[PDB]
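First come two forms of one protein chain, each written alone as structure tokens, so that there is a structure 1 and a structure 2.
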Structure 1
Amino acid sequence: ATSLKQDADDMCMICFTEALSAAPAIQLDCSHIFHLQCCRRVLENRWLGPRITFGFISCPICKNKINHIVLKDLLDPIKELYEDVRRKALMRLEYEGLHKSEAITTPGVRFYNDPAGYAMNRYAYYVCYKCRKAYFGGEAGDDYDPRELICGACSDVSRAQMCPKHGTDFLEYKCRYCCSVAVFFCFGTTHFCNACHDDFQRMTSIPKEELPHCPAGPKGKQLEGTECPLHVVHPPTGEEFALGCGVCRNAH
């Protein structure tokens, strides 16, 4: 009968190729045992891909959070980042008026009475290369350049007007090529959403007057209707545009 119960002679379920007995091992709070150095490397290496996520801290066996006293030096800065993203995500959800969504208010569902968890799941945050702050990159591998994840404040090509409440703390730009929030800033000049960035050769090559007009989907998609997915008036597709304060924009 196939069981995930650990044996003395088992392989480490991070590295797979060496026995737990072959190098120093720790017993995590969840009860599972791993090499010390493997646990350390996992916490150093963090998440896969540009979006800030926290699945990497899951025990490979039971998926509970990895925790041990000797890992506190690596876990502390992760916890700090977690709390910063969670705080920002929740605030964005509240300012969007989405914190009483049915996915939060219905007893028994995954995010019941957990608006901050809902928001972390809903929204994609990124680390700004320049200021090191987590920034919002829209609603949700390692073949990317971390130096091209830059927040709106740090890529402020239009010298946008300040938010009276927030300054530039939540300043965001659109994708140059579609009605989406920017993730990447390339060439020192150009904002891209993730999808347009994936097709950046084609997108930068399309003659400007042939780009889709608002409402524009990524990768040159002409959407139907006359309502901008960003709910703002903006210049023609193919021009940079500061969306202003990402939390105040909703209302303003």
Structure 2
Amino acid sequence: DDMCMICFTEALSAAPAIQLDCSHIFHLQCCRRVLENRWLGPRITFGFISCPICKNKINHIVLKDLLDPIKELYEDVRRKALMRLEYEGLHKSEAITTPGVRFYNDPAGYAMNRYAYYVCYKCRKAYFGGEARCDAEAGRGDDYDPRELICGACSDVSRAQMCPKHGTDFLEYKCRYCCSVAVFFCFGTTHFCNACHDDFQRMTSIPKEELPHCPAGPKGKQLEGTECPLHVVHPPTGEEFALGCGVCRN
């Protein structure tokens, strides 16, 4: 009817309303809340910017203040993700080249699905946090603190030797406790991957020589075999280590 399809609390006839470029119509004040809230949890996703209905991007003159910083973040991430996919050599991947699969001809789409990016609190740019797990994706919501998300460059605890090509723009650290790209940076000293952060009380307590050695899984697992998940020589589990530039070895 005259019902606003965002908040089913209303007819549009009731307070300030607008028609998106997409065509259908919502309360102005509702569209704003959708765009202020952004995504759920720490990992940047852009589900929220599509139209509740037709799921084409939300657009409007009156909303440009909100959309503008978003488009720029979306740009930043699409850029970084697509790059990482190519460097990682997954752009020819079968999940892109097979007609009728989800991201047929959508390299950017596949990559942003596959990789997990976070907004750094110090600067304000996205950084890479690892392959997105499912286990993190049915974990907590926003029982998290954005101050602890910090890109490699802003948490340079290893005064690391910069990459000549890409300055420090794609610098990444190991989890202190396992063989994974880090996500969080807590107590301004310690890098944690997603799982180890979840379990940081434990992880901190384990004596350094009792930690798993390479190859090391999160939360104290000893992975079987001989090759490191990060394909790098590194110091024993329990010491900080700058992994270098993320694109250039991947």
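All residue numbers here refer to structure 1's sequence, counted from 1. Whichever C-alpha set is largest while still superposing within 1.5 Å between the two forms counts as the rigid core.
Item to check | Core-superposed comparison between structures 1 and 2: the option from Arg202, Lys221, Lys65, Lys208 whose CA moves 2 angstroms or more | outcome: Result of the superposition: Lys65 is the only one at 2 Å or more.
Next on the checklist: Taking 2 Å as the cut-off, check whether the CA of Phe34 shifts that much or more between structures 1 and 2 after a rigid core fit.
Outcome noted: After core superposition, the displacement of the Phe34 C-alpha between structures 1 and 2 reaches the 2 Å mark, so yes.
Next on the checklist: After a rigid core superposition, would you say the CA of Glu18 moves by 2 angstroms or more between structures 1 and 2, or not?
Outcome noted: Yes, the C-alpha position differs by at least 2 Å between structures 1 and 2.
Checklist entry - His99: how big is its Cα shift between structures 1 and 2, in Å, with the core superposed? => result Value for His99 between structures 1 and 2: 0.8 Å of C-alpha shift.
Checklist entry - To one decimal place, what C-alpha displacement in Å is found for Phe54 between structures 1 and 2 with the rigid core superposed? => result With the cores aligned, its C-alpha sits 1.2 Å away.
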